[PDB]
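One structure is given here, and the rest of the page talks about it.
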Amino acid sequence: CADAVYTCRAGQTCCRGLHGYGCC
């Protein structure tokens, strides 16, 4: 979830979404 890191940086965690990668 390299891309998710962008938004995740704000204050979220990297989880396994329906597709594969997604911030919680």
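Going by the structure tokens order, chains are called A, B, ..., each with residues numbered from 1, while ligands are numbered from 1 in the order shown.
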10 Å contact set for region 2-9 of chain A, only C-alpha atoms, chain neighbours under 5 positions out, as a PyMOL selection string: chain A and resi 14-15+21-24
With N, CA, C and O atoms retained, could you export that selection as a PDB file, in the first residue's frame?
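out-v9.pdb written:
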```pdb
ATOM      1  N   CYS A  14      -2.706   0.855   7.493  1.00  0.00           N
ATOM      2  CA  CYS A  14      -2.768   0.145   6.221  1.00  0.00           C
ATOM      3  C   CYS A  14      -3.383  -1.239   6.399  1.00  0.00           C
ATOM      4  O   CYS A  14      -2.759  -2.140   6.961  1.00  0.00           O
ATOM      5  N   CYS A  15      -4.611  -1.401   5.918  1.00  0.00           N
ATOM      6  CA  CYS A  15      -5.312  -2.675   6.023  1.00  0.00           C
ATOM      7  C   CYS A  15      -5.508  -3.304   4.647  1.00  0.00           C
ATOM      8  O   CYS A  15      -5.182  -2.700   3.625  1.00  0.00           O
ATOM      9  N   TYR A  21      -5.325  -3.374  -0.975  1.00  0.00           N
ATOM     10  CA  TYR A  21      -4.735  -2.377  -0.089  1.00  0.00           C
ATOM     11  C   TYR A  21      -5.686  -1.203   0.121  1.00  0.00           C
ATOM     12  O   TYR A  21      -6.298  -0.708  -0.825  1.00  0.00           O
ATOM     13  N   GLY A  22      -5.806  -0.762   1.370  1.00  0.00           N
ATOM     14  CA  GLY A  22      -6.683   0.350   1.683  1.00  0.00           C
ATOM     15  C   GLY A  22      -6.504   0.847   3.105  1.00  0.00           C
ATOM     16  O   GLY A  22      -6.408   0.053   4.040  1.00  0.00           O
ATOM     17  N   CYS A  23      -6.459   2.165   3.267  1.00  0.00           N
ATOM     18  CA  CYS A  23      -6.289   2.768   4.584  1.00  0.00           C
ATOM     19  C   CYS A  23      -7.549   2.597   5.427  1.00  0.00           C
ATOM     20  O   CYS A  23      -8.667   2.678   4.918  1.00  0.00           O
ATOM     21  N   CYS A  24      -7.360   2.359   6.721  1.00  0.00           N
ATOM     22  CA  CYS A  24      -8.480   2.177   7.637  1.00  0.00           C
ATOM     23  C   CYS A  24      -8.862   3.498   8.299  1.00  0.00           C
ATOM     24  O   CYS A  24     -10.037   3.864   8.340  1.00  0.00           O
TER      25      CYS A  24
END
```
All strand (DSSP E or B) residues (DSSP, backbone) inside chain A, as JSON, numbers by chain: {"A": [14, 15, 22, 23]}
